[PDB]
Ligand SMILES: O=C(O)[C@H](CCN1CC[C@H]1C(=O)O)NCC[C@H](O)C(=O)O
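In structure tokens, one chain follows: the form solved without the ligand.
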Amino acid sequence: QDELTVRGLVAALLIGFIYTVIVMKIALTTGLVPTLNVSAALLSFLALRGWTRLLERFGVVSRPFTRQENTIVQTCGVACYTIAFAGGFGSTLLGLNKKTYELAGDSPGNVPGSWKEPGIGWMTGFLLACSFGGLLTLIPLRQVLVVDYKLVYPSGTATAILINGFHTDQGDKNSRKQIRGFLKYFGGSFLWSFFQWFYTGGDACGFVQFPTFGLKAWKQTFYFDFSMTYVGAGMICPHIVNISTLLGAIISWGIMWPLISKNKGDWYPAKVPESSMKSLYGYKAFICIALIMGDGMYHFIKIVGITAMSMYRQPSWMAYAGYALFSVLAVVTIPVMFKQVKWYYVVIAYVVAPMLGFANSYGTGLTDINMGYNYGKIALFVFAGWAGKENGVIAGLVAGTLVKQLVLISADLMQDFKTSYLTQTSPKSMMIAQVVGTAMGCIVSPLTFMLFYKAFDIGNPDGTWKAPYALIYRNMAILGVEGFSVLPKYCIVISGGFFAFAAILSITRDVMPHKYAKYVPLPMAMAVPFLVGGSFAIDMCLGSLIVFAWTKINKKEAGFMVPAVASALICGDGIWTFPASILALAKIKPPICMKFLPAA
């Protein structure tokens, strides 16, 4: 009790509903889904405190609003609208339409019978079959990642400190300074993000696209964006993670991509545009996943090996028993909706999902970057190649959704579990909130999507309701119909080499003594700057430099003030994401565009 409340369920439903509308409409118009996890924590506090104070004003007495209750409300609210974008409503499930089929055009794999129309009944059934699969895998993941590996989730840590500060009324020698120090940088970060908004009024202009080291380095993604989220995240991360991130940027963007791009006419065709698996993006996706798989497989096998040895020498199996039940339920249900999907396609997806989900959850616990979109695109490509021209596009799209959603749900909610750990929230109550929130998400989102779908015209390339990613994901399946031959030359060989390189580094860190194991780079921390630019790496290294400078200047103060200052920078930028979404919701666009030119 005192954590699961009726008022909390009502507040979570309201927050989950309004956030679903914001996420859905933005996805159906621009496709740039914002991260609104931090804003939900603030809205949960304001809504419930206002309700309690309203009762106080009228004389009605209510139960005290504690920090554990606030975490549960955010947890239920987050899972409600997470399905809105993790379910592929604007990316993959929208790519099954006949409208998207016609936009793709006449091409191999795009057979006349590979289009599906949206509907409330099948979408709700599709989500319920697969949404409750990731939740069961989370229970074993919480122990190994949050409490055993002690991974720091910067978004989870920042939200936990924010939630604690709201409910911390104790007067201590440090508590007062923690809150006041948090407020000074929270307001500054929010105003800084608010100020930047007026000058990001075009393609690649603003403080985000600032060439701090010149235009030549900026085009190589080696600039410094003024993002306090990445600076704040890097402050609470260990230096080895921040250094490893810089190495990945230098190896990929400073060495590898310039060298590989020198063969734009020999290795891969030059007529095809970039950002496609046939041209220079095959290297981006496959090498990046190779590093994570090379490191993720070693860790996952080691955990199984340790567990196997412990049992041989002698609720963990309860979660997997329930996971198998939902896995079978999905296997018997999904091919009924889609004749294209075969029964064993779903079995393979569910078998490798805990492994893929573990890798992304582990990666999110180091660099605060959720790479579940990359896994869905890779899973879409391989599954599309597992079927011929017939029943291939739908097979890739549907199988991609299962992998994309389960992996995204895992990483997103692991940070939410990190918040519960720091706020002394009961894990069993957290499990109930996610199940209730996910169940409502599987009902609200299909209803919300159909309300937009029926009222407006979605998918028109020359209209307000344009979904660019619906066609992009459709083209990935069409290109994925053909096998691995479409990948550029030496793409598999280099990926296999980096798989070995990732494997060697993982082994090297656990075999060498602890003295020399503090300097081995992390293979999957280096993998993040392979898809995103090196600007993220520079920001993380700046955060470590600030902590390194602060620690030397004042060892005592930096011990307890760095988490508070780092959280304020993350929260302040995170809070502004809600007004920025509303401005984007109301078609209000930035007035000015701060462009940089080479003294033309």
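Numbering starts at 1 and follows the sequence shown.
The next section is about a form of this same protein that is not shown, the form deposited with the ligand bound.
In the deposited bound form, at least one heavy atom of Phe85 sits within 4.5 Å of the ligand. Taking the partner from elsewhere, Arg474 is found to have every heavy atom lying beyond 4.5 Å of the ligand in the deposited bound form. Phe530 falls outside the set of residues with a heavy atom inside 4.5 Å of the ligand in the deposited bound form. The ligand is not drawn, but in the deposited bound form it has no heavy atom within 4.5 Å of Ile289.
Exactly one listed residue, out of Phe166, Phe132, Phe338, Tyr469, brings a non-hydrogen atom to within 4.5 Å of the ligand in the deposited bound form: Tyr469. The single contact residue among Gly77, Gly234, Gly400, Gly90, judged by any heavy atom lying within 4.5 Å of the ligand in the deposited bound form, is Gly90. Contact with the ligand in the deposited bound form, defined as any heavy atom within 4.5 Å, is confined among 448-456, 114-122, 496-504, 373-381 to 373-381. Contact with the ligand in the deposited bound form, defined as a heavy atom within 4.5 Å, is made by none of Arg7, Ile432 and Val436.
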